[PDB]
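Beneath this line is the structure, given in structure tokens, with notes to follow.
Here the chain labels run A, B, C, D, E, F, G, H and I in written order, and each chain numbers its own residues starting at 1.
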Amino acid sequence: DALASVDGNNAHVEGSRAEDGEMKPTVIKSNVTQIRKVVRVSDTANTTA
Amino acid sequence: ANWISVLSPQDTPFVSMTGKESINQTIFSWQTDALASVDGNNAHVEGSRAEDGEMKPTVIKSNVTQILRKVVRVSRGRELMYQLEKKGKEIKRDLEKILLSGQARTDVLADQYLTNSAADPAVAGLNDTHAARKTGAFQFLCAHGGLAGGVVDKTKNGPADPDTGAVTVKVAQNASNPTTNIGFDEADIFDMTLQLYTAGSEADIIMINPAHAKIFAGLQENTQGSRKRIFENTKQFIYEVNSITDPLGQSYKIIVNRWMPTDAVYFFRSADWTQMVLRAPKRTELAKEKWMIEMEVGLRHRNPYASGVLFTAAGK
Amino acid sequence: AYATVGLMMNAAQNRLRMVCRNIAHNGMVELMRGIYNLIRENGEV
Amino acid sequence: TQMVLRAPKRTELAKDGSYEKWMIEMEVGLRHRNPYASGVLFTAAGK
Amino acid sequence: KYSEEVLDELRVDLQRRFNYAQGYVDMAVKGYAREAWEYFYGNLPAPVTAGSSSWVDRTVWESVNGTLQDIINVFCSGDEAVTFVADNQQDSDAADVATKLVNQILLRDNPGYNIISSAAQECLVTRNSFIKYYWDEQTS
Amino acid sequence: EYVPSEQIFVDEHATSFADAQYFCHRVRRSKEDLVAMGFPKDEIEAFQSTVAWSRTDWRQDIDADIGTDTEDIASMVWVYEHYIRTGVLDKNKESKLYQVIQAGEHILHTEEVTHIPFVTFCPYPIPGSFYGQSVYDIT
Amino acid sequence: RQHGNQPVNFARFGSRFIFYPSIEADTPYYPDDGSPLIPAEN
Amino acid sequence: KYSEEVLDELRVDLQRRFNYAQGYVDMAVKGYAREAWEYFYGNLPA
Amino acid sequence: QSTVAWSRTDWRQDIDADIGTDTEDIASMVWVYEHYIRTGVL
């Protein structure tokens, strides 16, 4: 979320009504993951010495 | 994810540098003008024959307090407390922005604040004659020399105090460029230091908008070749300035605040400024389901010719 | 103390004894220690 | 922060006899607290 | 005679080690601890819809308390914390002294009750909890 | 004496009285005690914490007049008491703790103290925090 | 609207479809110069 | 020998600290305590 | 993350805020890094 701009004219009168205020939603963000290697070899060996 | 991100720019150095003091009325007042002049010669011929003295007592100054509402309207889980704290921070930011503005207190009463006889007789019975309380700002109390209706004029220097000739509000004159660049001269703040020393302010703080710190940063260097940095096998590139000392021996600490107007710079001081408050921030509701805040606050300044202001522009 | 029949090993009873022990160790004891350090550092009675 | 899903997790695919294989299941994701909080500047405007 | 180059190399090594340790520990522990704490108060299951009225069932909190009560009834039940015991008479004169010293340091000096309660309640939801002791050398 | 939570103000970065850096407690004290420490010539120093209290019940209203005259010395007034750990002196000095007692735009007393006389109850405490849980949030 | 990851709903108010979430839509590129419509996002 | 400028700086610092502490504590505790007290007597459900 | 997990253990505290301590005040709390390492730095 991000706050609102600052006001510089707050000079409300006394004994008056509560004016509707500025309210905003909260922005959301999302992402996704990513996916390996190749082990090509002979492998016919490694069973005996 | 079980959290929220909020920038929350909350520097607020001024509010913590000026303290606060409670009052018991919506309009406070102090009185201090100056000491008597020197008059130069004061020779005598063995006789007084005075004229009831030239005391000319102090002048009585006052200021008004305003109101800030920042209503809350509900139609994260408990969003109530979240929005409440957010609005609290927002009202604090708004206060920091206002108290340093160039507003001028405007109300039906100007110098006869009391008027207990009249005091707006046509108020009771209808109760709808509500005017808008507007308080005095920083640039208004610093010995201003005018105001564009409700804002201080940023092209007119202030008057001189009778005690000692000092102009604590001057229109900057950057004599380095041919009126093209909007920046402090190299010797325009030192003039302010001289004026303050003549008036005896003792200020030692200077707030500045980050849109002007580059000036003081480059001030440590020049083109004529008389000022240049050095690096004797040093793995650092410090480019910053946080202290100044005029030839008069007055130190000055610099601080940055983003809530100031770009076309101005201020010379503050701790004790010379005080924050008067009447109604503290209260979470409540109107008459007989909303929430709201209401904070009555006012601005007080010990003496106008103590603090200093300087406008940045080109003469025209 | 009453292991004969009052084993007290009930979920609610222990959940309550835990909070009372928390109150005691974070409450009364600190109050008494503070009062002792206070009376021990001022006055002549 | 670097949001990881599963460590490399040494693993195998299948076996055709002597023709061994191996697989990895690395999975991660990146997040940023505020987009307008980390700055970047490039070089452009050439020619 | 510690060289500054040695200290710079140490800083670099320690920085990279801390980077790796953080990158690991985050997804190893904290990614789960955050949601566990959220479930502690039942704030993670969100109100998917207004008409659903998703009344949460605070169950983790219940078991946490059911275990913490017994834990405190085990250790902190006694007026004392521990008591050293020896195997010979040649070293029994020191057992009572060490016991009194540690008990005083833990309870009559520090809030051992609060320390234990915090180390317990926070451990069963964060997968671990830590306690530490140093030599305080304050001076006016 | 007991002290409600509606008349207390503490920092966020604290978790216990020990490491607490700032701790305020508004109090309602007569003008007598204040005159005993400041402004003897002036005794007319008038003036959520009230809402929460007036809503604990629906009978009391702390911001009303029970009949006490404002000039009467026994007229109760709100004062601000604070305990702060800070080097108000040269920061090079140790982070000394200090008790301050002030009124509206006026300080009345200042002194050193190495222990907060306040104690707090924390049923179902929450580690790493200054505030525990409550039955409300559970039920 | 009063009591209110995001499903969508629409109604028929005589001659107007009314979507609650206040979705936004856009029309494609109109040009008839023998060019594709170039569908629009959202 | 306490200076008045020192006391003014202390007042400013303490005022800002109290402001921050209030802004926090309100939404941290009292926003819940009020409704808890209201539920105590069953006055919140309208 | 160290602040997020803590401020989410509850929903009241925010460790990255200002409780009122002035930055220049010597008692101003600051984050320091303590480490135990087994290594032949020599």
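Everything below uses one rule, namely that a residue touches a chain if its C-beta (ideal position, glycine included) is under 8 Å from a C-beta of that chain, and two chains touch if they have at least 3 such contacts.
Chain identities (UniProt): B = Major head protein.
J.: Touching both chain D and chain F: give me those chains, sorted by label.
T.: B, E
J.: What is the identifier of the chain with the smallest separation between its Cα mean and the overall Cα mean?
T.: Taking the mean of all protein C-alpha atoms as reference, the closest chain is H.
J.: For chain B versus chain F, what separation do you get between their C-alpha means, in angstrom?
T.: About 30 Å separates the centre of chain B from that of chain F.
J.: Distance from the CA centroid of chain C to that of chain E, rounded to the nearest Å?
T.: Their C-alpha centroids are separated by 22 Å.
J.: Centroid of chain D to centroid of chain G, CA atoms only: how many Å?
T.: Centres of chain D and chain G (C-alpha means) sit 37 Å apart.
J.: Two or more other chains in contact with one residue: find those residues in chain E.
T.: Residues 26, 34, 37-38, 41, 43, 65, 111, 114, 117, 122.
J.: Which residue numbers or ranges of chain A touch two or more of the other chains?
T.: Counting only residues that touch two or more other chains, chain A contributes none.
J.: Using the touch definition from the top, list the residues of chain E that touch chain C in their complex.
T.: Within the complex, chain E touches chain C at residues 65-66, 68-70, 72-73, 76-77, 108, 111, 113-114, 117.
J.: Give the list of chain C residues in touch with chain E in this complex.
T.: By the definition above, chain C touches chain E via 11, 14-15, 17-18, 21-22, 25-26, 29-30, 33.
J.: For a test of understanding, state which residues of chain F touch chain C in their complex under the given definition.
T.: Result: residues 115, 117, 119-125 of chain F touch chain C.
J.: Note which residues of chain F are touching chain I in the complex, please.
T.: 10-14, 21-22, 84-88, 90-96, 126-131
J.: Could you list, by residue number, the parts of chain I that touch chain B in their complex?
T.: Residues in contact with chain B: 4, 7-8, 11, 18, 22.
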